[PDB]
Structure formats: structure tokens, C-alpha cells
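Worksheet: the structure to be examined is printed underneath.
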RNA sequence: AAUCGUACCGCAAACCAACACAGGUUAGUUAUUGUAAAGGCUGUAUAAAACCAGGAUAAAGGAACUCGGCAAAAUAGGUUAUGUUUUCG
Ligand SMILES: [Mg+2]
Ligand SMILES: [Mg+2]
Ligand SMILES: [Mg+2]
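Chains as they are written, first to last, in the numbering used here: chain A, 107 to 245; chain B, -17 to 465; chain C, 7 to 207; chain D, 50 to 99; chain E, 2 to 72.
Encoded structure:
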């Protein structure tokens, strides 16, 4: 079994394409796997739950092993300690999405600006050729 | 004031500082380095260099039990050092003494050779040699209130928050207060020196050796054991020939070892080194000579001290003695013998509490490093080896290592039945049958030994035991029968 | 690739304060011949901006900034214009354009200006003596010349110590705390690989 | 102040205050159940479901 | 909120800065096996006695951590 | 290793107010120097009445207004040699 899933339909992830379960509009972390349009029953199930936005460097994380070492011995403090650890894990899923959305926005803006420069260059070159023809025609 | 589009710099200084302090992976470091390496001031450029050696070790430890390190990382680690090395040279003229220490150490620690840095360090070492070895020299002061125009070029004061600084009262009667700073820089110059910068590095070090030898005073706080080792290896690597300087350096090491033993009372407990205990404070950090009690803070999550050793330890004795073997010809025999005896006394006293033996844990790498120096120096002593064997675990060692250890103990005339039994018992449990004897692998050696190789290891162990004179036991009898 | 004005005396600068076009006809003609003839003006000059309008402006600022770093004393805008043109050639046309670049540097603390001392506000307003500009080797967080920056830092340092101990006395943390937000996702990992490929190439 | 918000729903409160287990715990509650059986109401308690 | 009353628990990546080894040592040019055999044979079989040891010897004690002064 | 929750709304046109109600509704997180990344949202067709509501400007005078400086306006901030009163803070 792999640790992370690698085959995602990126049109579905960004939002241009509908999912395999259109009734679900905002998948949960454990619902992403079965909402993927490229779902297959032959692929082995990953051993951990990650969203499509997670980086490939998360395969070396072991969070519950560290939690046990930090476990307080007083049950009253232990319950609150565990509650904050679960809060930390859930928030980490939505930090990845925010970074994912900001990172893609910068790449899109760069590409759009580059196209704008090329279009103006072609228009100016075409006009210059037309201007030259006018002078040549008039001798 | 810093709102809008900056036509000169792509990233604001304050934001760049935030990213540097927020680094935990090499990929994140590569993202920052490959984009804004040309806009870092000396404070930012040197901070990245110090972190990189630690980030490389962290990733090697992130690998789980059944995984392996990504092969693309080590090439990237050296790629980032080279890029930062170039920027270090560009801003080298605006660094402080402390900043130069950070940048030089990072490259030397990573064993990355850079001609540009070596040439820059060579000129700096010459300038600092005549200033830091002067008798009328003052310690470096971090309490700056109104910086000079040249201090504004270091980038320390371009901050929107409080700048941490040491709160200690600087000594006013210290001799050569910055000797440790000079020793580290010289060692880095030797290590970072390349093929085209070797001549310049050697010339600068030779002048330092002559100045060091022609000195009639000793620093009031004696140089740390780590600094002494670094300076000794700076001469050894560079090939500097100066018996006067070499002898003086070993004299300081001898003096420090005696002082530690003189001021030790065995009734208190096993010998331990003197260290500097650094704690976090409101305005920065404070250094103490003795530890505090454990404390619970309402705001800090960690109140533990940073321990910076000053006296010698087994780790440093294996590096100082290594340098001595390289520089044997330049050291009088009398001084070498005195240091060797002091080293044995330091080891014996560090693992004894009250009237009973209390072994101190050591690793196999450390033991081999110490023994290798002794073999080169031809020093045989049972008071230095016996403490090392008691504190050495013998559960994960290969069969070959156990055989070598038994031979070493016999040659050093170690007389302890417990040590011999712990070795033969471990060796017997690793010698398996099938009709071919197989010797298991382990930390000590790579691979397994089968057939004659296993028999040879058994014969050597039996020969060592027979010379030692151990009474017959089950473990030895089984080994003899198999071999 | 600087272009000359129709008078063939200077180059046009990329900013909104430039009221002169770029001559672009295939043949060189005096202004008086074609300006009053009645022909369309777009046949002789280009009144628009270049496709690289933003990139050119950034390059010009770096040239001005680097030249100031090489200077050892504050100088006038006229000296800056002559020095840059001599070093690289005819690339800047007016002192007003250089002033606009300097204002951006002043705002972000990449440069500083030395102002005279006047006895009354009205004398200061009516004064016409040119100003002197310098440059910071690295970006700072305080305004003014290096002497002024040092004074401002000293006041700031005292305030920081005052605030930290007041917080401790009133049972607050001496130093504010936050949580570390993870800003490394799959997009960032792919950007790093792209960066290495470009650097290798 | 604006009035008319005297109902603040709570599922645990509703079951504990008017549930079948509560009505069967006292003699008066048992009499209430009989009265509702006599009148022939289809739902006896707010707590009832199939 | 954004403002914490104390340091957050160590749930993020923790980079360790303890016990960093960067010292220089000798090579691995040790003696050959045959040389060791010759040395052992040359050892005189001195009939000495063993030292008087305590009946129970405690196991090795771990060493305390160390840092560097390049802060 | 079984069992129950997992769709959608959740400062709201979906919950409490008879309503697609300018009201009420707990906790956790995020960008931003003088600003502000991500994400989210969107109004039948005109105009040169009186009058009403919420703003802006105003010559000379400056409380003459009125039960009443109601409302509106106003250098509003910081450091002071000296003096007064104190329960001495
Ligand atoms: Mg949902
Ligand atoms: Mg008026
Ligand atoms: Mg009146």
C-alpha cells in the first residue's frame, strides 16, 4: 500500500470539472478520494488521508508517535491536550489549500502578463510595416 | 512607508527576514535562496549559512523505518552552499567579527571548498592577527545604542522589533579576550582553502604562527578545548612549520587539563567539564557559570539551557591527540608524555563516583578514534582503555569488532574479568553454524564473514583470551570447538 | 533601445510626465516641415508606451541607485543625470524623470535627501537651491541620513525595552507570540523543481 | 428590547423535560398519558417515533 | 486568537541543534590482521592476578547534551 | 477490527423572531507600516418641482437664539519654570 495518492484529476480539483459525486460541493479530507473522477477499485487504498493539496514531503510525517511522548499524565490535562492536537491536525489541511490557491494565482498573473506583452509587440510591428509602405509608395 | 511597488528591490527587507526565521526543510530554503539571494544584507546572508548544515541533518532523520532518503537532496544541499558562498564574498567587506564566524563555520562544517571565500578570509586573518593578539585588546561588545555609519552596513539595525543582545558585564581585566574567535577562523580558512587559494592561505597562517610563538602572555580565560583543537589542525592541514608556536599551543592544553583536575573534589562525584549555561532573557540571553534549578515559566515553552562546554571531553581528546600525531616532529617528547598521562587521568576520574566504578557511556566510533591516535603515538595504558570498555555497549557490534576489541584489551594489559566475559559472550552469540561458520554483521563492520574469514576471527579472539589468562568458560569452549 | 524626440536632442522617458513623443519615421525630417503640413502625426511619431514599460522603469532605477552607491558624498540631480549617461550612454533625457525615480527610493528608504535649514517656513517654501541625494548600501527601516537613522534607532531601542518590561509587570508576555502557518504545498514543490532547471540551464 | 424569542431549542432539554421516561416516573405523569389515550391522540409524547 | 498568551506546543517541525559533530580525526589506516597476530604472540605470558571489582557494576550512563556558541 | 455521526444551510433568502424581517446567534483560524494575499458579492427607465431626510460650503456680526449653548463648531496632543488645595497618594 502507498502512503499518498498521486493520480488526481486536476480539472476537478481546481473546480472547472464536476466530480464523481456532484451532490458533494466541498469534499472533506476523507471524501476527496472517492469524489475523484479517476477513482478505481483496483488501486490500493493509501494508508493515510491527505488532500490533493498536500506536498509530497508529507510522506515522512509521524504525528501520533510524537503526541504520545508529549502526553500529560493527568487525565484532565490529557483530554484538553488531545483536543488541541486534533485541532492542529485539521487546520493543517486548510493551510495547504490556502498556499495552493495563492501559489497558483501568482503563476497565472505572470503568464497573463507575458501574453499581454507579446500581443502589443505584434500590433506595433504590424503598424510599422504599414507606415513604411506609405513612404515607399509616395517615393 | 514601505507600501507600493519598489522599483529597486523585489522583496521588502522585513518580509525576507520573516521567511529566513521560518525555515524547516531544504525545499523551503531553496525557494528563498534561489529567488532573493542578491538582496540579502550581511545579517541575512550569514543567518542562512548557519542553518543549512542543520537542515541537511534534519532531513536525513525524517526518513521512516522502511523508507530511504530522496537522492535529489544532497546535490541540492551543495548547490545552495555554492550560491550563498558567492553572496558571502560580495558582502564580506561589511560583516562583523561574529558574522564572519558564522559564514566561515558553515562552509567548513559542510566541507565545501570555495576559492573566493578562502581569498577573502586570508586578508581578514592577516588584519585580525595583529589586532586580536595585542595585549591591549577589548572584548566584542553587543550593547550598541547609536551605531556608526559603518555599523549600519551590517544590517543588524534594520529591524522593526527589539534586537536581542547579551546582558553580561564584559570583563575589564581580560587578556586576549577574543582568542577563540581567531582560532575558529583560522581552522575554517585551512578547510575551505582550495587548489588556487592554498598558497595564500598558507602564507596567512604562517604569519599567525610566528606572531603566536612570539608572545609572552597567556589569555586570562584559557582557550577552550574546542578552540585549541581547531588551531592545532589549522597548522596540521596547512603544513605550517613552527616548533615554537606548536609547543606553546600544547602548553596551554596541558595547563587547562591540570586546572580541571586540581579544582575537582572526588567526594562530589565523577569529574565533569566546566560549561557556559546560556538562558533566554527579556532583552536577550545571559551566560552563567552554573546551572539554574528547573523552572516553570508562564510564557516560555522551554526553559532549558544551551550548554557550551569549555573543558576537555573524550570527544575533544580524540581530536587533539590526532593533531599531535600529525605534528609529532614539532612537539618535544616530554610535553607529549605529560599530555598523554593527563588524558588517562581525565578519563579515569570521569567514570568514578565515590569508591565505586560508574561507567560513562561511549560509542564505538569514539573508542576507535582514541585508540587509533594511541597506536600512532605508541602509547600503551590500561587506565585509559578500561574506562572506555565498561561504557561501551556490546549488543549491536559485529563479530569482527568484538575480535578486535579483545585483541586491543590484551595488548594494553587490561585486567578485568567482566570486560573479557562481556566480549566473549557477545561474540559467541554472533557465531552461528550453517556446515559453514557464519559471523554476523553489525555496526562495527560492513557485511558478513563466512568460511575461513569467520575462522580467522575466532582464532584471533582465542589467542587474545589465552594470553589474557581467563579461566575456561562455556562461551570460549564452544568457540574453540567450532574453530 | 532609447529613442529620440522629434527635435533629435534627447531621449523620451517612460513616465506619465513625458509630453514628447518618439520619432519613428523611416526618414529624418525637421519638425516644422511636417507638423504644420496637416498630415496625420502618427505617420511620424509613436505617442504610446513600449510593451516593456514596467521592466524598463525598474532597470533605470537600478542604474541610478548603483551610481549613487559609488558616490562618496550627496550630489544634485543634474550630476546624477550626467554621470549615468556618461557611464552607459544616452539613456536618460530629463531631470524630472530622475526625480520621480528618486521619490520612489525615498519612500521605501533606499535613498535619502539632505535638506537645508531655513529661519522661517516661508523662506523654506520659496527657496530654489537644488537638493542633494544619497543612497543606502542596504535597505533600512528609518528615514533620513545615517546620522538621523542612528538617532531614530536609539529612541526606538529605548521604547522597545520600556514596553517589554511594562508588559512583564502587568502580567503580560514580554514578547508577542503567534502560531507558525504552513506555506509549503504541492505548488511550491513544483516551483522549486522549475527553479533548479532554470538555474542548471 | 425586542420580545418574542422565548423559545431556544435544545434537544437534550426537550427529552428530559417532556420525554416518555419522565412522564412514566410520577403518578401525575402516568395520569396525563391515560388522558391522552382516552382522547385518542395519535402521538402521545414529543419523544415518540417509529 | 492571533495573539497567544504563551508559546504554542511543539507540534510543527522541530530542528535539533544538539550534538553536532564537526571535529577532525585520523584515517582508517589500521594494522593488518597478521601484524596483530604477531603482536599477540610477542606478548609475554605474565602470571598476574585480576583486579578486585565490585560484585555488581552498573550499566553505562548516558552523557548530557552539548551545544555550540555560534548563536 | 463492532456500533452511531459525515449531503446542504450555519452573521444567515435554510437557525430564534407569523415573512426572503435593517433585530438576536457560541468557539477556532487567515492577508495588511501610511495598507491589505486568497476568497466572496452585484442595482426596472429618466430628470433643471414644492416639501422632507442625511451631508458640504458661506460675506459682515458671534448666543443678540432658546425654558435651557438643544444641535452644530472649535489646536484637539505632549514637556514646563512658578502658585494653590490635600486624607500627602
Ligand atoms: Mg460537507
Ligand atoms: Mg458665516
Ligand atoms: Mg438671551
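No residue lacks a Cβ here, since even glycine has one placed at the ideal position from N, Cα and C.
Looking at the C-beta of residue i, does it have a partner C-beta in chain B at a distance below 8 Å?
i: residue 163/A; result: yes
i: residue 190/C; result: yes
i: residue 166/A; result: yes
i: residue 101/C; result: no
Counting only Cβ pairs nearer than 8 Å, list the residues of chain E close to residue i.
i: residue 301/B; result: 24, 25 and 26
i: residue 118/A; result: In chain order: nothing, as chain E lies at least about 31 Å away.
For residue i, which residues in chain C fall below 9 Å Cβ to Cβ?
i: residue -16/B; result: 113, 114, 115, 145 and 147
i: residue 9/E; result: 183, 184, 185 and 186
Using the beta-carbon of each residue, which ones in chain E are nearer than 7 Å to residue i?
i: residue 156/A; result: Neighbours of residue 156/A on chain E: none; closest Cβ ~17 Å, over 7 Å.
i: residue 230/B; result: By Cβ distance, chain E contributes nothing, its closest Cβ being about 20 Å from residue 230/B, past 7 Å.
Under a CB-based cut-off of 8 Å, is residue i close to chain C?
i: residue 138/A; result: no
i: residue 261/B; result: no
i: residue 198/A; result: yes
i: residue 141/B; result: yes
In chain C, which residues lie less than 8 Å from residue i when you measure between Cβ atoms?
i: residue -9/B; result: 114, 116 and 145
i: residue 223/A; result: 57 and 58
So, is the C-beta of residue i closer than 8 Å to a C-beta in chain E?
i: residue 6/B; result: yes
i: residue 159/A; result: no
i: residue 176/C; result: no
i: residue 285/B; result: no
i: residue 191/A; result: yes
Just to make sure I have the definition right: I need the residues of chain A whose C-beta is within less than 8 Å of the C-beta of residue i. Which are they?
i: residue 193/C; result: 205, 206, 209, 210 and 213
i: residue 32/C; result: 237, 238 and 241
From the beta carbon of residue i, is the nearest beta carbon of chain A less than 8 Å away?
i: residue 9/B; result: yes
i: residue 138/C; result: no
i: residue 29/C; result: no
Taking C-beta pairs closer than 9 Å, name the residues in chain B that residue i reaches, listed in chain order.
i: residue 110/C; result: -14, -13, -12, -11 and -10
Mind listing the chain B neighbours of residue i? Cutoff is C-beta to C-beta under 8 Å, in chain order.
i: residue 201/C; result: 12, 13, 16 and 17
i: residue 38/E; result: 442 and 445
Listing by chain order, which chain C residues have their CB less than 7 Å from the CB of residue i?
i: residue 226/A; result: 57
i: residue 202/A; result: 188 and 191
i: residue 492/B; result: Summary: the structure shown does not reach residue 492/B, with chain B confined to residues -17 through 465, and so no result is reported for it.
Meets three-Cβ-pair contact criterion under 8 Å: the stretch 10 to 25 of chain B and the stretch 56 to 66 of chain B: Taking one beta carbon from each stretch, the stretch 10 to 25 of chain B and the stretch 56 to 66 of chain B have 3 or more pairs nearer than 8 Å; the two touch.
Any 3 or more C-beta pairs closer than 8 Å across the stretch 130 to 148 of chain B and the stretch 23 to 32 of chain B: Between the stretch 130 to 148 of chain B and the stretch 23 to 32 of chain B, the count of Cβ pairs shorter than 8 Å is three or higher; the stretches touch.
Where the stretch 32 to 57 of chain B meets chain A: residues whose CB sits under 8 Å from a CB there: For the stretch 32 to 57 of chain B, the beta-carbon criterion of a distance under 8 Å to any beta-carbon of chain A is satisfied by 44, 45, 46 and 49.
Chain E contacts from the stretch 60 to 79 of chain B (Cβ-Cβ distance under 8 Å): Cβ contacts with chain E come from no residue of the stretch 60 to 79 of chain B.
Short-range partners of chain E found in the stretch 161 to 174 of chain C, where Cβ spacing is below 8 Å: When CB distances to chain E are screened at a threshold of 8 Å, not a single residue of the stretch 161 to 174 of chain C falls below it.
Meets three-Cβ-pair contact criterion under 8 Å: the stretch 168 to 186 of chain B and the stretch 96 to 112 of chain B: Short answer: they touch.
Stretch pair the stretch 307 to 317 of chain B + the stretch 229 to 236 of chain B: three plus CB contacts closer than 8 Å: The stretch 307 to 317 of chain B makes contact with the stretch 229 to 236 of chain B; the number of CB pairs closer than 8 Å reaches 3 or more.
4-residue-minimum alpha helix (DSSP H) runs that sit fully inside the stretch 75 to 115 of chain B, ordered along the chain: The stretch 75 to 115 of chain B contains these whole alpha helix (DSSP H) runs: 79 to 92 and 97 to 114.
Ordered list of alpha helix (DSSP H) runs contained in the stretch 119 to 179 of chain C, each at least 4 residues: DSSP runs (the alpha helix (DSSP H)) wholly in the stretch 119 to 179 of chain C: 127 to 132 and 152 to 175.
At least 3 beta-carbon pairs within less than 8 Å: the stretch 316 to 327 of chain B vs the stretch 355 to 366 of chain B: The answer is yes - the stretch 355 to 366 of chain B touches the stretch 316 to 327 of chain B, with three or more Cβ pairs under 8 Å.
Validate contact between the stretch 423 to 434 of chain B and the stretch 24 to 32 of chain C using beta carbons, cut 8 Å, 3 pairs: No, the stretch 423 to 434 of chain B does not touch the stretch 24 to 32 of chain C.
Inside the stretch 142 to 216 of chain A only - alpha helix (DSSP H) runs reaching at least 4 residues: The stretch 142 to 216 of chain A contains these whole alpha helix (DSSP H) runs: 169 to 175.
Ordered list of alpha helix (DSSP H) runs contained in the stretch 437 to 465 of chain B, each at least 4 residues: Runs of the alpha helix (DSSP H) inside the stretch 437 to 465 of chain B: 456 to 464.
Residues of the stretch 54 to 69 of chain E whose Cβ lies closer than 9 Å to any Cβ of chain B, in chain order: Within the stretch 54 to 69 of chain E, the residues whose Cβ lies closer than 9 Å to some Cβ of chain B are 54, 55, 58, 59, 60, 61, 62, 63, 64, 65, 66, 67, 68 and 69, listed in chain order.
Residues, ordered as in the chain, of the stretch 384 to 406 of chain B that lie near chain E by beta-carbon distance below 7 Å: Residues passing the 7 Å Cβ filter: 389, 392, 393, 397, 398, 399 and 400.
Alpha helix (DSSP H) segments (min. 4 residues) lying fully within the stretch 349 to 390 of chain B: Here the runs fully enclosed are 364 to 372.
Three CB pairs or more closer than 8 Å across the stretch 204 to 219 of chain B and the stretch 231 to 246 of chain B: Yes: at least three Cβ pairs fall under 8 Å.
Contact residues within the stretch 103 to 130 of chain B, judged by C-beta distance below 7 Å to chain C: Answer set for the stretch 103 to 130 of chain B: 127, 128 and 129.
At least three beta-carbon pairs within less than 8 Å, the stretch 39 to 55 of chain C to the stretch 196 to 206 of chain A: The stretch 39 to 55 of chain C, when compared against the stretch 196 to 206 of chain A, does not touch it at the 8 Å Cβ threshold.
Short-range partners of chain B found in the stretch 58 to 90 of chain C, where Cβ spacing is below 7 Å: So the list reads 63, 64, 67, 68 and 71, given in the order they occur along the chain.
Members of the stretch 197 to 226 of chain B that neighbour chain E once the beta carbon cut-off is set at 7 Å: Listed in chain order, the positions of the stretch 197 to 226 of chain B with a beta carbon within less than 7 Å of a beta carbon of chain E are 211 and 215.
Three-pair Cβ contact test at 8 Å for the stretch 408 to 422 of chain B versus the stretch 444 to 454 of chain B: They do not touch, by the three-pair rule.
Contact the stretch 109 to 119 of chain C vs the stretch 45 to 53 of chain C: 3+ CB pairs below 8 Å: Output reads no: the stretch 45 to 53 of chain C does not touch the stretch 109 to 119 of chain C.
The stretch 395 to 405 of chain B touching the stretch 51 to 67 of chain E, judged by at least three CB pairs closer than 8 Å: Yes, they touch.
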